[PDB]
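First, one chain by itself in structure tokens, the form deposited in one PDB entry.
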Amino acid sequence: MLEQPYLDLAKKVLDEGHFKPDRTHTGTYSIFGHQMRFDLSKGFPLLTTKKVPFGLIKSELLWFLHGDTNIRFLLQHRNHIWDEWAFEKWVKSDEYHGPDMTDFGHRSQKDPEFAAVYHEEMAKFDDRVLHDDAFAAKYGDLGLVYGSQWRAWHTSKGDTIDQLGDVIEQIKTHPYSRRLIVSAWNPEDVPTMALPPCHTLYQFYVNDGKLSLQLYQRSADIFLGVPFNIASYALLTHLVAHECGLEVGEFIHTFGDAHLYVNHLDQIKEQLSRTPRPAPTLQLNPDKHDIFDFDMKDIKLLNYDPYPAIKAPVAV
């Protein structure tokens, strides 16, 4: 059924992945090299075997599409996928006051009592970013995320290349190039990088009315990472295709290091004893059009009938 590529991967890892020590200690079973496909005219790859939140991944996506770096947008649409970072930018400066922030989430899922001091420290700052403007302006900014990457690349003669923008106009302009590419890997930077872009590069291809997209992703967490990345890039594609007036073909995903966390071997097994239910569908607001002004109500998802959800340890 559409999402079966992930199960064939989830299996295949558990099954022939090597034990690698990751950037922490956490065991990972790994595959290097895999490509996987989904025919978006037949449906949406939200996994129906583990409920995934659409509201969460759409808000983040649009905030990417808005060239926005500031962690505030998200806070307005109670999304918290990017906070932990701004906190290190915050706890590290000369203004941080009070406590032992000195690790916060790395001793949350097991700790101390951290969740009353890390999460109160955290809510106080998340609450601050949402109201104090000079504050927002200060720590909530994050810098180089995919929004700045995609919509305003930094150039060698001080400007800003809206790489994406230009690639959607390149589609209208002529269907055919092997050059409809939006990179997010900037070699200059990855010295001073927080989280390097995982979903390192992509490419679009028009072909007789079906748009398609290929994503090269340096690494995958096949439990928490991959369910949300397969969807983000499918919403982008439905959104990029409706802007330059096309219809939608497939989505193709290519990973460098797909790996599943040694913490998560139990929990995948749990999904693998499930048996898929049909794919959800997606209404794309048909009067609205310059996709950078898609507002959240313009992407209403229909028919999402998921299984219950599984409990992960944090990917450290």
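Note that the rigid core is defined as the largest set of C-alphas that superpose within 1.5 Å between two forms. Start at 1 with the first residue shown and count on from there.
The stretch with the higher mean CA B factor, choosing between 23-31 and 271-279, is 23-31. Stretches compared: 218-226, 239-247. Higher mean C-alpha B-factor in the entry: 239-247. Of the residues listed, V167, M193, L211, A184, the entry assigns the biggest Cα temperature factor to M193. Comparing the C-alpha B-factors of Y233, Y205, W90, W153 in the entry, the top value falls on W90.
When the CA B factors of the chain's modelled residues are split into thirds, the value for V145 lands in the middle one. Ranked by C-alpha B-factor against the other modelled residues of its chain, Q163 falls in the lowest third. The PDB entry assigns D127 a C-alpha temperature factor belonging to the lowest third of its chain's modelled residues. In the deposited entry, the Cα temperature factor of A136 sits in the top third of values across the chain's modelled residues. Placement of the Cα temperature factor of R179 within the chain: lowest third of the modelled residues, per the deposited record.
Omitted here: the form deposited in another entry. The next part is about that form.
Only one entry in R23, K300, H18, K11 has its C-alpha moved by 2 angstroms or more between the shown form and the other one when the rigid core is superposed, and that entry is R23.
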